[PDB]
């Protein structure tokens, strides 16, 4: 086994998205192909936009609700995606079933004798599990030449309230995700929860840390192309005063920012070079 | 103990299933026969979809994977299955059991005198749950077959069984098909995205009776169907178990035990 | 120390029973005999048969209630069984004994004075232990040339009900092992608990994993015979409607399926070869 | 530290007891004497049986092993017992003790003013239990003897002592002998199947005073008897402790300390 | 470092006391003296004597209440005891102090309005510690040429009752150590707790496991003498019926059995030989 | 890192104190100076005694060690104390603090409607206790002195402070002195038997200014006295703290840093 | 890598302050400078002064309330302080938020019917953390040539009372730090808590254990000076009887004792030598 390392980077200063790619080329004598371990890190800003505090009856904010990362080779080349991390979780939780029974009797003495009998049956169930603000699962488009991940807003706690998500729906108050007060006597743009109370990934920066393992045929091209995409989906969260109470609504992927970079991989010399970039701004 | 590795990867566009297979030829000089460790990995999309019924657009249908299918099989008489993981196991649980008594007395300035007697029993059983349970459904010297089956899910107000007919249905939050069913953040990864299998088989091969064998590796899904519609200002929910069974892709690999060569022979469907 | 490995297998496709035997021959210079570590794995199907849903007042199902494995050498040979796993468990549990006492008095003031006192003595015991659906214990027929195990249905929980076993007996409702409802207004063949609620080993496949260590005299035969038996006992579980309530009954080993295989062991060349097989179907 | 191993195995058909004995000759050149580690293993069947009394068929008898007997002995004056496991130990327990007070006040719109005073004590003792406890019953330079004794058992209504006379008896579920007693799944393995002993002794041997020694290894059981019968619409249960004592097999091994040879000399009973 | 091992044994068949001594002679080049690690094991029977079941109004039993072990060299020789195990334990326990406060009010509406206010202050302390039936502490006669231990009855639980000891004293019932029932309508010789309920060391065999480290001057005698003593103190526990209730009393060291053995230690040749023995039976 | 070890052992008959001292000369060639590790061990008897007062035989006296004294000192200007164990430390405690509210409503068929409101606070502090606490009482470049002080004890009605004046006293179970005080099994080992010290000091020594130094190692006790007597059908208990202080033995060791020789010079008292 | 060790010490017998300095000079070939790991240990007495028991209406005691250690090089030399321990702690604690709800109904049958409905909402928060009597944080004067620490009285528990500190203030009783009883019918000099109840560091000796890592330029002076300062701040704690109740007050650093020592560091020969000392007694 012989190991060759290099690194490549690519910035979208405009979107505040940045790609750090770390490459480990592995020559393994027991293996008939070239191996490439590729770690994808860096930065994807949430694209968070504060609400206008001057907004009175109606207000809106934008928040980073989902992050998408993908790593791909080309259909015409000999490069396959053979393994990656993290993989989809078959979730585990702990369960406690308790059954209980009490029986008893009482007696008391006066002029006249008195008495009684008490009996009851308790039962219950307790479940124990881990709760995360954002959840990572594989992209449905994953295949033999492509792996992708969706890091999506999952269980978000307002205060003691929640957990809320992108589609939370109360029949009256709608989506209360970032709604501060149902009956607040305040400006709409001041009736959102405090910025600091919002989950880190909604308001700050996502720092991805994904891994992929790619294989390359020795009789293939000396050089091939790998495409890495960093992307953020920004949701429009808005609240409004109907005269009696406050209600909320969340509009998904109302804004999108995507940073796609293609890298030239030199399998022979174990070098890597940024070739092309694509910065796509979508708005609804 | 020298290892000779080969890999193969392939996707069925049709079914959205990807086989990522590692083949490790094990040259154990302490061992009587040829040996092969087959590591079966990849990605099987959930293919969870939400649709309006054609004949009845008011009726809303969620199709979702109740079970994931995984198997490895051979016809080569020279080949034996000598090990496989995971295997079926005996379930285990922690139990805590309590028996107690109370004997009370009391006095009051009424004046009165009071007595009391009491007995208590409680039992607590404690155990681990998985979203999906992995079961060996059949195995012999020529192959093994697993089913990864929907088991139990975390929800507000407790755990819910996969066999609960009202599962995933919800009071509609809109007119579209999707709105009649729980959001993504209330779905487990194995339904929201899909399954990443991780299975292993060790295979032996008799010497001097032929160099080539054929392996059939089958990945797939059994889809259930959940129906929801609104009648009389109320929600009617129904469930079809085994709505779409054996939605499977089968890939034939040819293994040359002497040259340590592995080729993809065929794939069905594409 | 020198180690020689091989494997042998044998299938009963009819019974869905399969034997995987793994052999480690150990030449140990500090030991005056030949050693054989023998791992027995594979498959024994439960023989589970679903009940007929059309059955009305009376119904029945078959379930895998016990699994028997045994490993033997021949009475005339020099081969002994010197060790094995698993062995019978001298069971351990934790006990917590609590004694408690509370004493107190109360007073209240108005026009007229009032008073009182309360006193209580609590005592209790808690036991903590492991509970398993199926239990593994040694066969009473175990001896110097034979080791055998019984993997038997042990503590089976209906829902919150149980634990039940093969011989559970309620004076009225009989054996409620797989009875769904005592007063269910349904078909008998639909009044069993859900298949999925049944323990894995009752309805699916047992995968044994037993171990044995055998010794062989160096002046003995170059070749000897080891007999390995895989077996399932199937119980007849039945329920019936007497007009008022449902009752149940479990009939043990009402069906039996046995797969016996004899292997030729070549102690000199460290080879193993399937010699004979025996497939026995018993029915009551 | 060179080891020379020998093994012997033998079964008493009569008593259904199997001795699996490992003999490890230890050539420790830092040590003044010959040394031998004897590993005593095997299988002692419970021989739990259920029957009808001959003279009184209505009376039902369960015979079961209260105690398992294990010992190793020698007559060779040149031989010393220099170590053995397990040994007797000082029992230990976790203790938690709590003392508390409550002092309450209250006001009501009766109007009334109320006072309150309260005191609480509790003690919890916490410890491990075994089905069977292992005790050294005697030991000296020529031998050692253990008794593995029935201690305590898990029951659905708490723990039960092995010395409880109503143990294992039950309200009959049929006419047969077996039905008057608890099912197999409520019996511990040491009664349902039997005992797998695991005992060890290290023995020294003086040099230049003879090459041969004789070891007597005795495995066995002490059976209790539990009786049950039905009279006057009620169940009568009785118990005979030490009903059948020293149901033992003795195997004589001859050890040659120079040739490192080990022979079975005799067995009683067969 | 060079290491030389040997062993010595000595039996008192009469007292059922037995000494196993294991010797490790250590030649250490960094040290100007000879070292001897000496492990003392074996058997000291409790001397337990069952009570006579035929005894009616009054009865007695004997139990092993304390075990004494000691290891010594001679005053005139160059052999010192430099270290040993176990040593006296500066005991540790866990404490939890809790202070608590609750305050609350209630209101009720009827024809007439009513009310109330409840307030209370809780405080408590919990201590957590290890409890052992017998306790091991050093002999006060320990010195530079002698180490000894007393393994003494410490905390003995009747059932839920206790812990009791050698000197437990209730003003009425005396010492209830092994008293079964305060008001039992039974024979005195049958009113002791069950044998099996007694601590292991009171009724069975003590197996000591002590360690000592001895030093010897190189210019000293080639041979010296070490004296090892194993001893049991047997207590007389007795109960009696006064007409109304049962009372108990424990008389300490009412019987004593002592086994002293002297061993010749050959520091030059690293041999050890039993020289003298002394079996002393004391009775009150 | 070569080590040269020496040992010394000695007992004071008078005080029943035994010093077991290990002297380890450390030849660290990376180090600028001579080095010596002194391991201070042994046995200090509790000397717990019970007696009748001479002048007043009805008054019962228990004398017991409140504190154990340990120190190591030198006069050699060429010698420095460069390390020692144990050292004084900052105490630590786990704290758990809880704030809560309850808001209740209720309805009765009187008919009446009820409301409820409640607030709860609780704080739990959790920490480790030793029978005796070890404190550095003084230390400098020429020596160090420790005191091992009675702290706290487990009692059946909670923990009791060593400074509690009623400590160890009990309702007499007889006429003798011993009977007025708690039994051995309610006494900690440090009172029932004594103390096994374990202390360490590392010492440096300047080169070329003399080969010999003198070390004074002092082991000892500070005895308290507890008095008990019966008057007016009641038990009167009193306590004298520091009744007998500095009951100490001092041993002088001479250390030759060049020859690596260690001699006992003197002992007071004998 | 090459390592050279030495030690130096300095005593203030008057103040009962003592400095042990341990030096590890590291020659590291991969590093262009000389390295010095310097461990500062020894003794700083608390300066504790018992109160006069004869004091009646008013009394006072002195206690060690804060300890200051510092390590410095000179402004004109090439020696920097590059690292040290301990560093300031970004403290962590564990939080448990619980929300709870119960609802139920009851019924009673006689001649006449009765009923009811009960409902409650509980919520709470629990915090878990470490509490220490004295706290260690860095001196604000810390810089590139100086590191210093303040080991200051932090959370001091009277009995169940507290935690108290140097500035604790009750509007009526003032600072109750070491006040025994609010309404005690005793002498002022006897109304302080027991000495033994006071934290170890307030009444006994502080044993510092600080570490510093210093760097030295190879072209610099062969010899440089390091200044090490050990210091105690003693607080005046006083109590007084106003006729009705007891009140307390704590006056900080009312006394100060400081021990400064300067050491000559020979970087070439890896020797260290005490050069100068400074013993400063401050009193208010």
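Letters are used for the chains, namely A, B, C, D, E, F and G, taken in the order the chains are written, and counting of residues starts over at 1 for each.
Here, a contact is a pair of C-beta atoms (placed from the backbone, for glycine too) under 8 Å apart; a residue touches a chain by one contact, two chains touch by 3 or more.
> Assuming a repeat means more than half of the contact pairs shared by residue number, which candidate in C-D, F-G or E-F repeats B-C?
F-G
> Could you let me know which interface, B-C or A-C, is made of more C-beta pairs in contact?
Pair with the higher count of C-beta contacts: B-C.
> Determine the centre-to-centre distance between chain C and chain G, using the mean Cα coordinates as centres, and give it in whole Å.
62
> What whole-Å value do you get for the distance between chain A and chain B if each is reduced to the mean of its CA atoms?
Computed value for the inter-centroid distance: 23 Å.
> If you average the CA atoms of chain D and of chain G, how far apart do the two points sit, in angstrom?
Here the centre of chain G sits 58 Å away from the centre of chain D.
> Quick check: how many Å separate the C-alpha centres of chain A and chain G?
44
> Two or more other chains touching the same residue: where does that happen in chain B?
If we look for residues of chain B contacting two or more partner chains, we find 97, 99, 102, 116, 120, 125.
> For chain C, write out the residues touching at least two other chains, lowest number first.
In chain C, 97, 99, 122-123, 125, 127, 129 touch at least two other chains.
> For chain G, which residues count as touching chain A in their complex?
97, 99, 123
> Would you mind writing out the residues of chain E in touch with chain F in their complex?
28, 30-33, 80-83, 87-110, 122, 125, 127, 129, 135, 137-140, 142-145, 150, 152-155, 165-169, 171, 215
> Give every residue of chain B touching chain C within the complex, in rising order.
Counting only chain B, the residues touching chain C are 28, 30-33, 80-83, 87-109, 116, 120, 125, 135-142, 149, 161-163, 204.
> So in the complex, which bits of chain E are touching chain D?
3-7, 9-11, 13, 16, 18, 20, 22, 41-43, 45, 98, 113-134, 136, 151, 157, 194, 196, 199-201, 204-207, 209, 270-271
> Give the list of chain D residues in touch with chain F in this complex.
Checking each residue of chain D against chain F gives 97, 99.
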